[PDB]
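Counting starts at 1 for both ligands and their atoms, following the listed order. Start at 1 with the first residue, then count along the sequence.
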Amino acid sequence: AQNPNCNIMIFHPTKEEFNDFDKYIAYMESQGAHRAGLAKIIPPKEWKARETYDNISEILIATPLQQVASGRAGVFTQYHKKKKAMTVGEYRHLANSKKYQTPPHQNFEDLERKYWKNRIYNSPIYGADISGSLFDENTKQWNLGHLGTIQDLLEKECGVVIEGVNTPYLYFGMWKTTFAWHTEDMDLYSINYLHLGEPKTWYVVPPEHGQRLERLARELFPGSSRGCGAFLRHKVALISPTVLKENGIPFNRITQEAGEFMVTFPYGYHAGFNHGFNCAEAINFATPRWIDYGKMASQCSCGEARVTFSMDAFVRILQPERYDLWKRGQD
Ligand SMILES: O=C(O)CNC(=O)C(=O)O
Ligand SMILES: [Mg+2]
Ligand code: NI
Ligand SMILES: [Zn+2]
């Protein structure tokens, strides 16, 4: 069995290996990458996502989200308070202001310490989930706006044609902006490209150990657990590395820098934070190996998780018994 300790693997494809996305994902899996839940892909030196980032300031962040925490430093939830619209240029200035900027630090490990110690005492503003793409249309390799769609994968594997579309999302981050512990909708893969700016630190639980994380989360968030049998679908709970180590939960960590891709694998729980002003682009995708994970994926039916139009068909076809209850939660 490849990668039996479930370590995060880092890949350096050549330009020739960067041509066929599906084939490279399947290669990574042949080497055991999925066992970690997360892999890093460093693009060949010849590749670029686009020529420059000099003209992105007029992108609108229609609903910036202020991430307000409740709890203790290592075990907290966050809610998102909607703020007034602002442009990327306005948001970049805000991120760099004395109130929000990254503090002085020695290295990524010192910053990580400062994040865990101090996150809860601040409410950073995240420009998340913005439909769009920063890949140049002429970038033919690993262009997240040109991937094969999940609807087409389900059709190729299962023969059923379904409605829905699959497009990318931009994330504009600042120091302390946080992504809570989650797997993807329907336990899909995700791919995330860090276009510019400061790094993003990731934490991940191997898929084979995801239920250990879920059991801890039910213990640590006991009211939330009573409210919903899949409350980590709400994407609000944070648990620190220190707490995970104290409770024997297997995980790994890695820092993504600008110009690098990360891939999350089906049922790989992940969480993390941004080091300073940055912009990432991400999208979900599927492969044949996902289908069995989609069929088994938990679902939130309490009403909180509320998701895209396109998840309807996935539930309806892969999880027909759950469909009725899940759709009640959507409506
Ligand atoms: O970058 C973020 O805020 C969160 N991204 C992801 O969870 C992802 O790409 O799967
Ligand atoms: Mg612009
Ligand atoms: Ni994710
Ligand atoms: Zn729920």
Side-chain angles (χ1 to χ4, degrees), residues 37-41 50 52-61 65 67 77-78 80 86-92 124-130 132-134 144 168-174 176-205 214 217-218 221 223-238 254-256 258 260-275 278-285 298-305 307 322 325-326 329-330:
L38 182 70
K40 177 178 293 193
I41 308 93
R50 66 177 306 107
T52 80
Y53 294 86
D54 294 334
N55 302 112
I56 68 170
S57 304
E58 316 304 307
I59 295 171
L60 195 68
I61 310 171
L65 309 173
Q67 302 188 295
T77 60
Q78 58 184 14
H80 291 170
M86 79 183 76
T87 62
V88 162
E90 290 163 342
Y91 179 84
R92 178 172 64 233
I125 296 169
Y126 207 173
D129 294 318
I130 295 160
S133 185
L134 288 174
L144 300 188
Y169 292 90
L170 302 179
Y171 300 81
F172 289 95
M174 69 170 59
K176 287 171 171 172
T177 53
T178 302
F179 52 111
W181 281 106
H182 69 283
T183 62
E184 306 301 308
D185 288 343
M186 221 70 184
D187 297 343
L188 285 155
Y189 295 72
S190 64
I191 181 163
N192 182 299
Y193 182 67
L194 191 49
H195 278 283
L196 66 95
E198 304 313 310
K200 186 190 295 287
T201 292
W202 301 66
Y203 305 90
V204 57
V205 173
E214 294 172 353
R218 293 191 299 271
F221 304 97
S224 294
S225 179
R226 286 186 288 273
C228 179
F231 77 92
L232 293 178
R233 299 282 170 205
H234 309 169
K235 310 192 297 179
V236 300
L238 281 299
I254 193 169
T255 302
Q256 176 190 24
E260 306 179 336
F261 291 90
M262 307 296 300
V263 167
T264 82
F265 294 86
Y267 196 62
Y269 275 103
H270 56 283
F273 64 90
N274 295 306
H275 291 207
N278 62 20
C279 175
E281 181 168 340
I283 198 177
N284 298 117
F285 72 91
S298 66
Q299 305 296 353
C300 170
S301 314
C302 76
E304 284 297 311
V307 306
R322 289 188 175 166
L325 182 74
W326 169 83
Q330 240 44 335

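- Ring geometry for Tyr193 versus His195: interplanar angle over 60°, hence perpendicular rather than tilted (30 to 60°).
- At the Zn ion (ligand 4), the angle from SG in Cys302 to SG in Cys300 is 110° when rounded to 10°.
- Not counting sequence neighbours, the partners of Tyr189 by the ring-ring contact (aromatic ring centres under 6.0 Å, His included) test are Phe265, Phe285.
- Qualifying ring-ring contact (aromatic ring centres under 6.0 Å, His included) partners for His270, counting only residues two or more places apart in sequence or in other chains: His182, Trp202.
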Quick check on ligand 1: any N or O pairs to the protein under 3.5 Å? One line per pair.
from, atom 1, to, atom 2, distance (Å)
ligand 1, 1 (O), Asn192, ND2, 3.4
ligand 1, 1 (O), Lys200, NZ, 2.9
ligand 1, 3 (O), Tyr126, OH, 2.5
ligand 1, 7 (O), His182, NE2, 3.0
ligand 1, 7 (O), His270, NE2, 3.1
ligand 1, 9 (O), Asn192, ND2, 3.1
ligand 1, 10 (O), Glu184, OE2, 3.0
ligand 1, 10 (O), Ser190, OG, 2.8
ligand 1, 10 (O), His270, NE2, 3.2

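- A donor and an acceptor atom, one from each side chain of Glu281 and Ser133, are located under 3.5 Å apart.
- Results of the side chain to side chain contact (heavy atoms under 4.5 Å, CB included) test with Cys300 over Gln330, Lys235, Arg233 single out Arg233 as the only residue that passes.
- Checked against ring-ring contact (aromatic ring centres under 6.0 Å, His included), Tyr91 has no partners two or more places apart in sequence or in another chain.
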